[PDB]
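Notes follow once the structure below has been shown.
When reading the values below, keep in mind they use all heavy atoms of this one structure, side chains included, and skip hydrogens, waters and symmetry mates. Throughout, protein chains are lettered first and strands after them, A, B, ... in sequence-line order, and every chain is numbered starting at 1.
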Amino acid sequence: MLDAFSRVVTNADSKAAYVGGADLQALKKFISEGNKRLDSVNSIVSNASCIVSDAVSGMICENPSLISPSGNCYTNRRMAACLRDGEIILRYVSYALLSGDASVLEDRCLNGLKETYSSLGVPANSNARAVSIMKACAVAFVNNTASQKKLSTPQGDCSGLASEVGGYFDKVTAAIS
Amino acid sequence: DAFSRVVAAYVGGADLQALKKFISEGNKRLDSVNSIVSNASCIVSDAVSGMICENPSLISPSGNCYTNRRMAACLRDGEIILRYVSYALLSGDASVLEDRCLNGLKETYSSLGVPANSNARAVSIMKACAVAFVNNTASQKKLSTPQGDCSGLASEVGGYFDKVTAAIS
Amino acid sequence: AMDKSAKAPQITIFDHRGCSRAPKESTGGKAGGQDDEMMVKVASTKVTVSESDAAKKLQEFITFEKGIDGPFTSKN
Amino acid sequence: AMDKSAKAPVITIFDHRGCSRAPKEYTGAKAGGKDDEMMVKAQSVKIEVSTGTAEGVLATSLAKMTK
Ligand SMILES: *C(=C)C1=C(C)C(=O)N/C1=C\c1[nH]c(/C=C2\N=C(C[C@H]3NC(=O)C(C=C)=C3C)C(C)=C2CCC(=O)O)c(CCC(=O)O)c1C
Ligand SMILES: *C(=C)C1=C(C)C(=O)N/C1=C\c1[nH]c(/C=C2\N=C(C[C@H]3NC(=O)C(C=C)=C3C)C(C)=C2CCC(=O)O)c(CCC(=O)O)c1C
Ligand SMILES: *C(=C)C1=C(C)[C@@H](Cc2[nH]c(/C=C3N=C(/C=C4\NC(=O)[C@H](C)[C@H]4[C@@H](*)C)C(C)=C\3CCC(=O)O)c(CCC(=O)O)c2C)NC1=O
Ligand SMILES: *C(=C)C1=C(C)[C@@H](Cc2[nH]c(/C=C3N=C(/C=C4\NC(=O)[C@H](C)[C@H]4[C@@H](*)C)C(C)=C\3CCC(=O)O)c(CCC(=O)O)c2C)NC1=O
Ligand SMILES: *[C@@H](C)[C@H]1/C(=C/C2=NC(=C\c3[nH]c(C[C@H]4NC(=O)C(C=C)=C4C)c(C)c3CCC(=O)O)/C(CCC(=O)O)=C2C)NC(=O)[C@@H]1C
Ligand SMILES: *[C@@H](C)[C@H]1/C(=C/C2=NC(=C\c3[nH]c(C[C@H]4NC(=O)C(C=C)=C4C)c(C)c3CCC(=O)O)/C(CCC(=O)O)=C2C)NC(=O)[C@@H]1C
Ligand SMILES: *[C@H](C)[C@H]1/C(=C/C2=NC(=C\c3[nH]c(C[C@H]4NC(=O)C(C=C)=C4C)c(C)c3CCC(=O)O)/C(CCC(=O)O)=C2C)NC(=O)[C@@H]1C
Ligand SMILES: *[C@H](C)[C@H]1/C(=C/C2=NC(=C\c3[nH]c(C[C@H]4NC(=O)C(C=C)=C4C)c(C)c3CCC(=O)O)/C(CCC(=O)O)=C2C)NC(=O)[C@@H]1C
Ligand SMILES: [Cl-]
Ligand SMILES: [Mg+2]
Ligand SMILES: [Mg+2]
């Protein structure tokens with residue numbers, strides 16, 4: 001558990017929580033791979049709008065009926081809700097990657113989610129493709145093998161963290177598919 | 001004439017056949033336009049983000065993107081500029097770009113205090129984006145375009161960005 | 001002259017050859033070929049960005065990360 | 001459980017080593033090194049998406065789809 005974020009993760013208040021200085025020094029030895037882990041989270045959440053929009057637009061170009069008049073992304077209201085869900089899921093995955101634990105993702109995002117989507121008729125095959133595109137985006141940002149000049153971080157091998165974040169997306173896929 | 005009146009016009013079928021007779025390289029040109037327009041959100045975001053990461057004082061309390069109101073206007077302006085450049089490439093002409101976007105724009109930005117070196121950098125990052133999309137060498141690619149050379153169209157769109165740069169720098 | 005309205009050309013390119021949604025918006029008849037399943041739409045629309053959306057973008061921008069393309073040029 | 005609030009943990013990773021804007025928000029103990037110039041922020045925020053964003057994704061999807 002990240003104790004400073006206990007009220008964040010239970011939605012107990014809307015107050016920001018801050019971990020810097022000696023609290024951050026200790027956080028990076030509590031979690032593993034601390035500097036690379038925080039870099040990995042940064043590269044995903046700083047690109048969140050594009051990851052979600054590309055994933056939803058990709059889900060739709062593979063299955064255009066989603067924005068036909070009978071499709072579950074038809075109208076600005078439904079499209080906004082779908083984009084919003086994509087971001088909610090991405091952000092819970094980013095918190096699993098920050099903390100190195102899937103528990104908050106499982107407990108506060110996935111538990112009961114499939115039953116909600118079943119009640120509403122939110123198409124699970126399409127939802128699974130949105131999640132798999134978001135997964136592919138996150139893995140490419142974390143395990144980015146371009147040259148040093150194109151990277152924001154000191155070059156090194158982050159394939160381990162890419163596999164780890166991949167497994168959190170797989171927990172989403174198993175829960176909602 | 002239809003697009004002129006507008007600038008909705010819905011040009012398909014025989015009207016589209018006619019449209020591609022009066023613009024050079026019509027099929028390639030519409031591929032080039034779509035490669036920019038369909039990716040416009042990432043182009044504007046990457047250009048404003050890159051402007052700011054090269055000069056973070058733009059979002060300090062004295063910077064011209066400080067406050068959500070100013071940032072919104074800046075993101076908007078990036079999109080407006082990219083739309084007029086895209087329409088120049090669609091039409092094969094700079095006249096609407098010059099008349100409706102650029103004429104008077106520097107005077108407006110000078111009165112407002114919108115920083116011209118920062119603005120020039122946002123435009124230059126959008127230019128690099130658009131060149132790569134036209135040539136299909138951006139990181140996100142279109143899969144199934146007939147292979148051929150669009151370096152003439154990439155040069156042409158580069159020239160529209162350069163008109164923007166010249167007008168505002 | 002730049003007229004300060006924030007309106008700009010909004011282009012949509014539909015290369016919808018083979019699309020099962022039938023075309024119904026063209027006005028000049030048929031080419032008798034694949035132009036009949038494709039369209040360029042141009043509108044003149046005001047460009048607007050909400051303040052809440054700008055706040056979302058600032059929360060991304062302020063950490064000085066980038067996309068896959070381009071050199072990293074930040075010094076922060 | 002998923003509580004239907006549309007809230008999520010918004011994480012902001014501030015690695016601002018070398019930054020002239022002084023740290024102030026974090027008031028805990030100092031590390032005495034580069035960790036004093038870096039911070040993880042997290043906040044429970046209701047996630048919202050605008051009509052403009054939804055319209056932009058719709059336009060992208062129409063332009064990128066084919067059949
Ligand atoms: C094929 C791709 C699709 C499948 C499969 C599906 O279920 N929907 C598909 C496409 C689709 N098209 C629209 C809307 C529009 N398409 C056009 C362009 C076509 N109209 C024409 O007249 C011609 C050529 C002569 C075309 C090509 C336009 C103008 C619209 C209206 C929307 C607009 O942006 O102006 C949709 C949206 C839902 C709908 O209207 O059916 C979808 C998903
Ligand atoms: C350096 C990069 C910058 C230059 C140059 C400049 O002009 N502004 C720069 C940075 C800058 N930071 C903020 C805002 C915040 N920074 C933090 C994180 C730091 N606070 C700390 O306590 C520590 C470490 C112990 C940090 C690192 C926080 C939390 C904020 C507040 C905003 C937030 O999003 O929560 C800005 C924004 C304008 C300002 O407040 O100065 C900028 C541009
Ligand atoms: C419809 C024609 C259609 C799409 C829309 C598109 C969707 C799609 N996108 C990927 C993969 C990636 N997208 C990425 C996103 C981004 N990169 C950036 O630099 C910006 C900030 C951000 C927004 C555009 C990334 C990083 C990837 C992964 C790398 C790669 O390109 O694959 C996929 C592939 C998903 C898969 O691997 O399963 C798809 C489907 N494709 C379309 O067909
Ligand atoms: C701040 C840390 C920071 C940035 C932000 C970044 C800015 C930057 N971007 C480029 C160049 C390009 N960006 C592109 C954008 C996109 N490609 C895609 O696939 C997605 C959809 C979209 C959004 C991310 C592209 C296509 C390019 C050109 C790539 C190429 O030529 O192949 C640059 C270079 C600008 C220059 O050449 O003048 C910069 C600096 N860098 C940062 O440090
Ligand atoms: C995969 C994730 C990346 C990659 C990452 C690397 N980062 C390295 C070092 C490093 N990163 C940070 C910043 C980090 N620590 C924090 O405390 C915070 C925020 C609170 C962040 C964002 C630091 C301070 C360091 C160490 C100092 C330095 O070297 O600058 C790193 C090199 C060290 C190591 O291998 O452990 C790597 C490889 N590298 C990549 O190529 C992929 C894309
Ligand atoms: C640079 C832009 C690209 C490149 C482009 C090429 N496109 C070619 C042909 C082609 N493109 C389309 C689609 C286009 N026409 C339309 O009317 C609309 C939408 C309204 C669009 C999006 C068509 C119909 C065709 C003709 C071939 C076909 O039947 O598919 C093309 C071939 C040469 C030519 O036709 O001039 C090229 C070279 N190719 C590249 O490699 C760069 C990246
Ligand atoms: C972003 C890359 C810039 C930035 C831009 C700002 N622009 C601001 C205001 C503004 N911009 C325009 C021109 C715009 N309106 C049009 O109708 C057309 C073209 C047809 C364009 C290109 C106008 C007329 C105005 C003032 C009126 C308005 O706000 O709508 C602006 C707001 C400044 C202020 O309120 O303080 C900003 C921040 N700022 C930057 O730092 C980068 C370089
Ligand atoms: C996008 C990839 C999908 C898609 C999404 C839809 N979701 C809609 C509604 C909906 N989603 C949730 C789950 C969300 N709220 C939470 O609090 C959390 C986690 C903590 C999550 C992940 C709920 C509770 C609801 C119903 C209540 C609500 O909307 O606030 C939705 C319907 C929206 C509407 O009609 O208003 C859609 C369209 N749809 C797709 O086609 C793809 C697969
Ligand atoms: Cl990419
Ligand atoms: Mg458990
Ligand atoms: Mg950094």
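- The contact list for residues 87-94 of chain A toward chain C, using heavy atoms and a distance under 4.5 Å, reads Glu87(A), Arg91(A) by residue number.
- With a 6.0 Å radius and a threshold of 12 heavy atoms from other residues, nucleotides or ligands, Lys7(C) has its NZ atom at or below the threshold.
- Contacts of residues 132-153 of chain A with chain C at a heavy-atom distance below 4.5 Å involve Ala140(A), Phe141(A), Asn144(A), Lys149(A), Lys150(A), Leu151(A), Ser152(A), listed in sequence order.
- Judged by distance alone, with hydrogens and angles left aside, the side-chain atoms of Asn42(A) form no donor-acceptor pair with the main-chain N or O of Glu65(C) at under 3.5 Å.
- In this structure, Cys50(A) SG and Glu60(C) CD are separated by 8.5 Å, a value rounded to the nearest 0.5 Å.
- In this structure, no portion of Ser74(C) lies under 4.5 Å from any heavy atom of chain A.
- Within residues 56-85 of chain A, no residue approaches chain C closer than 4.5 Å by heavy atoms.
- Residue pairs meeting the side chain to side chain donor-acceptor pair (under 3.5 Å) criterion with at least one partner in residues 156-169 of chain A, sequence neighbours excluded, are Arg37(A)-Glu164(A), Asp157(A)-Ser159(A), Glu164(A)-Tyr168(A).
- For the residue pair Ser49(A) and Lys57(C), the shortest heavy atom distance occurs at CB-NZ, 3.9 Å.
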